[PDB]
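Residues take their numbers from the sequence shown, with the count starting at 1. All heavy atoms count here, side chains included; hydrogens, waters and symmetry mates do not.
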Amino acid sequence: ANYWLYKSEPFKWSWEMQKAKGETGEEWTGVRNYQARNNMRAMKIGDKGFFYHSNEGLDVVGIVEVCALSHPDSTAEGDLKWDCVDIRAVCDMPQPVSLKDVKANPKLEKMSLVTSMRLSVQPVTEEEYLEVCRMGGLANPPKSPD
C-alpha cells in the first residue's frame, strides 16, 4: 500500500477548510512541480496521506484520502502537463506532529518531509506513516488499499 504527504499553507488552505469540504473533497490545484505531479499520478482511490501545514504551523494535522484520480488541473487553463488528484479529510491527527519532532526521530531520517526541500506532494513509507501516526496518537490508523 502507498502512503503520501501533502503540504498546504494554512493561510491559503487550512486543515479546517479541508474538513469543511467534507466528502466532496478538494481538487489539489496549483502544483507546478513534475515530481509532485507524478506522485499524484501514482495515487489510487483510497490512498491515505498526511495533511501538513507548511510555511506556518509546520506540523502534520490530519489524514486525508484520495477521492479522485489524476485529471487535468482546472487552474491550468486546459494545459496538458498539469494534472492532479482530489483529496478529502479522513480524520484529525489527535496530537499534531511537529516538524521538529519528526526531525528528532531516527526512524524518520529518510522521510521526504525532512530530505526534500521543494516537493509539495511526497511519498511516505508505510513505516514512516505508522510512526508519525503513533507519535500523533493514532495506533491503528486509516490504511491505503493493497
Side-chain angles (χ1 to χ4, degrees), residues 1-103 105 108-133 135-138 141-146:
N2 300 315
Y3 293 88
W4 315 92
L5 180 146
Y6 313 76
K7 294 190 173 183
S8 191
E9 300 182 0
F11 187 99
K12 290 178 169 54
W13 188 251
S14 69
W15 173 234
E16 291 290 354
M17 295 173 97
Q18 182 61 57
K19 290 189 294 184
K21 288 306 298 292
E23 55 92 10
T24 296
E26 178 73 4
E27 185 187 4
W28 213 241
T29 62
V31 173
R32 301 294 182 265
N33 177 286
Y34 298 116
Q35 175 53 206
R37 176 201 67 182
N38 294 345
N39 283 161
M40 288 189 292
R41 290 176 177 181
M43 295 173 187
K44 298 184 186 68
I45 293 301
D47 276 3
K48 304 298 187 299
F50 294 135
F51 190 99
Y52 174 87
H53 277 167
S54 57
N55 193 197
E56 291 182 291
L58 308 180
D59 51 356
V60 175
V61 296
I63 294 181
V64 294
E65 67 184 358
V66 173
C67 52
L69 295 174
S70 290
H71 63 265
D73 184 334
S74 70
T75 68
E77 47 82 57
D79 198 358
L80 213 173
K81 54 182 176 178
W82 297 132
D83 41 63
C84 56
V85 294
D86 284 19
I87 60 173
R88 61 187 170 191
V90 174
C91 65
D92 307 304
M93 181 62 82
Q95 292 78 58
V97 185
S98 70
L99 176 65
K100 181 175 180 298
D101 289 339
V102 170
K103 290 185 176 183
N105 194 326
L108 306 180
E109 297 200 310
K110 297 178 179 296
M111 196 178 174
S112 186
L113 180 63
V114 299
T115 63
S116 300
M117 295 299 106
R118 294 174 39 260
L119 193 63
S120 71
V121 182
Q122 317 168 164
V124 175
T125 70
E126 187 176 2
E127 277 287 272
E128 284 162 0
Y129 176 81
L130 293 171
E131 179 66 2
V132 170
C133 281
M135 294 169 74
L138 286 181
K143 306 294 172 57
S144 289
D146 298 297

Measure from the side-chain N and O atoms of [X] to the backbone N and O of [Y], and report whether any donor-acceptor pair falls under 3.5 Å.
| X | Y | value |
| --- | --- | --- |
| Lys48 | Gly46 | yes |
| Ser8 | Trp13 | yes |
| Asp79 | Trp82 | no |

Taking all atoms of both residues into account, what is the closest heavy-atom pair of [X] and [Y], and its distance?
| X | Y | value |
| --- | --- | --- |
| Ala68 | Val85 | O-CB, 3.2 Å |
| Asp47 | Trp4 | OD2-NE1, 3.1 Å |
| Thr75 | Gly30 | OG1-N, 3.8 Å |
| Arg88 | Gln18 | CA-NE2, 3.6 Å |
| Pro94 | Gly137 | CG-O, 3.9 Å |
| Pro10 | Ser54 | CD-O, 3.3 Å |

Inter-residue atom distance [X].[atom1] - [Y].[atom2], 0.5 Å rounding:
| X | Y | atom1 | atom2 | result |
| --- | --- | --- | --- | --- |
| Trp15 | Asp92 | CH2 | CG | 5.5 Å |
| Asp86 | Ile45 | CG | CD1 | 8.5 Å |
| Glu109 | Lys103 | CD | NZ | 12.5 Å |
| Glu65 | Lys143 | CD | NZ | 14.5 Å |
| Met135 | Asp101 | CE | CG | 5.0 Å |
| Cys67 | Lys21 | SG | NZ | 9.0 Å |

Please enumerate all residues that pass salt bridge (charged side-chain N to carboxylate O under 4.0 Å, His left out) together with [X], with sequence neighbours excluded.
| X | answer |
| --- | --- |
| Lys12 | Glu9 |
| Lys7 | none |
| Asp59 | none |

Without placing hydrogens or testing angles, list every side-chain donor-acceptor pair under 3.5 Å for residues 113-123, not counting sequence neighbours.
from: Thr115; atom 1: OG1; to: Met111; atom 2: O; distance (Å): 3.3
from: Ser116; atom 1: OG; to: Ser112; atom 2: OG; distance (Å): 3.1

Does [X] reach the side chain of [Y], with side-chain heavy atoms less than 4.5 Å apart?
| X | Y | answer |
| --- | --- | --- |
| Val132 | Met93 | yes |
| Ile63 | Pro142 | yes |
| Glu27 | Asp73 | yes |

Would you tabulate the side-chain donor-acceptor contacts of residues 37-44 under 3.5 Å, counting partners in other chains and residues two or more places apart, or write 'none'?
from: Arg37; atom 1: NH1; to: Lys81; atom 2: O; distance (Å): 2.7
from: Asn38; atom 1: ND2; to: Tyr34; atom 2: O; distance (Å): 3.3
from: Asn39; atom 1: ND2; to: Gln35; atom 2: OE1; distance (Å): 2.8
from: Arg41; atom 1: NE; to: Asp83; atom 2: OD1; distance (Å): 2.9
from: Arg41; atom 1: NE; to: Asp83; atom 2: OD2; distance (Å): 3.3
from: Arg41; atom 1: NH2; to: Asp83; atom 2: OD2; distance (Å): 2.8

Candidate pair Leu5 and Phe51, rule side chain to side chain contact (heavy atoms under 4.5 Å, CB included), full reasoning: CA-CA 6 Å; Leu5 180 146; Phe51 190 99; over 6 Å; no
From CA spacing to verdict: side chain to side chain contact (heavy atoms under 4.5 Å, CB included), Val31, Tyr6: CA-CA 11 Å; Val31 173; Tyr6 313 76; over 6 Å; no
Pairing residues for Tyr129 by the ring-ring contact (aromatic ring centres under 6.0 Å, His included) criterion, not counting sequence neighbours: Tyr3, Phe50
Verdict with reasoning, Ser98 to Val60, per side chain to side chain contact (heavy atoms under 4.5 Å, CB included): CA-CA 6 Å; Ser98 70; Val60 175; over 6 Å; no
Candidate pair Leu138 and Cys91, rule side chain to side chain contact (heavy atoms under 4.5 Å, CB included), full reasoning: CA-CA 10 Å; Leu138 286 181; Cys91 65; 4.1 Å; yes
